[PDB]
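Residue numbers (the entry's author numbering): -2 to 115. Note that CB positions come from ideal geometry on N, CA and C, so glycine has one too. Here's the structure we're looking at; comments come further down.
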């Protein structure tokens, strides 16, 4: 749909990756932030609009994980189960071996910046 195409535009400057890359950030004590969601969900689309603006404003590097990528089905299931992400959108901030998860499509620009340490 037109709205899904707007989603693809909104996420154009996010870096597509997988849950394995998030686990690497945990294990290596890296700081990295991930938006996990799907273009097909209106709440993911709302969140992606807000996030898009934050990325444009800050020039931040934030990752995107497609929560319905066919080739990633059981890795996604396992990660979402292990880290408590039963709905999308999910916003995941990893730093110093610690993971923080928020599943709330309404997060404001400031809340997003606060959460991602921007």
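Distance between beta carbons of residue 41 and residue 83, contact taken as under 8 Å: Contact doesn't hold; Cβ gap of about 14 Å is too wide.
Residue 79: first and last residue of the uninterrupted alpha helix (DSSP H) it sits in: 70 to 80
Check: residue 81 C-beta below 7 Å from any heavy atom of the ligand ADP: The ligand content of the structure shown is nil, which means the ligand ADP is not present either.
Beta-carbon gap between residue 102 and residue 44 smaller than 8 Å: yes
Cβ separation of residue 64 and residue 35, assumed to be a contact under 8 Å, to the nearest whole Å: 5 Å
Runs of beta strand (DSSP E) lying entirely within the segment 24 to 62, each at least 3 residues, in chain order: 29 to 34
Bridge partner(s) assigned by DSSP for residue 97: 90
Span separating the alpha-carbon of residue 19 from that of residue 10: 18 Å
Contacting residues, own chain, Cβ-Cβ under 7 Å from residue 58 (five flanking each side not counted): 12
Residue 91 beta carbon less than 8 Å from that of residue 51: no
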